[PDB]
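Undergrad: no FASTA, just this:
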DNA sequence: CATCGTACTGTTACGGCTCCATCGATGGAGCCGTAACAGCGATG
């Protein structure tokens, strides 16, 4: 049984630790749905990686466009080089 | 304005296969004409 390993020099700063702790506590409690009111440039990808690493559960991320999905996949590969990151988009060129 | 859907049709370049049109001369032998060659008698 493999585990999640995260490598990143950039430590959380500001409200990131509090948001991560709140999300982890809510997931552990068993809340069906939650919202992250993260502004642009605040590092939502870092918070997502942190909660995924803490929870240690399979994760499916849905994006509304291919470019954002590719950027998220590359970011998750960067944070998780040891771990496994996949990519499931449309293969129809036309 | 972006996203999705259980290997898609029609028309062109290019290489290999096949069918069809279009295209005298040299040596040997025989013959003719011309030049070349060979081939008993009587007297002192």
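TA: Yes, it's here. Numbers count the residues shown, from 1 in each chain, chains lettered A, B, ... in the order given.
Undergrad: how about the strands in chain A?
TA: Counting by DSSP state E, chain A has no strands to list.
Undergrad: interface residues of it facing DNA strand B?
TA: Contact residues (C-beta under 7 Å from any atom of the strand) of chain A with DNA strand B: A:64-67, A:89-92. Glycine gets a C-beta too; all of them are placed from N, C-alpha and C.
Undergrad: Which ones among those residues map onto helices?
TA: Mapping the residues of chain A next to DNA strand B onto helices (DSSP state H) picks out A:66-67.
Undergrad: In TSV, list the residues of chain A next to DNA strand B along with neighbour count.
TA: As requested, the residues of chain A next to DNA strand B are exported to TSV (neighbours: other C-beta atoms under 10 Å):
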residue	neighbour count
A:64	6
A:65	9
A:66	10
A:67	8
A:89	11
A:90	6
A:91	5
A:92	5
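Undergrad: Nearest to residue A:41 among the residues of chain A next to DNA strand B?
TA: residue A:67 (17.3 Å; C-beta to C-beta).
Undergrad: ok, residue A:85 touching residue A:76?
TA: Yes: the criterion here is C-beta atoms under 8 Å, and residue A:85 meets it with residue A:76 at 4.7 Å.
Undergrad: The two - which one has more neighbours?
TA: Taking neighbours as other C-beta atoms under 10 Å, residue A:85 and residue A:76 compare with residue A:76 leading, 21 against 16.
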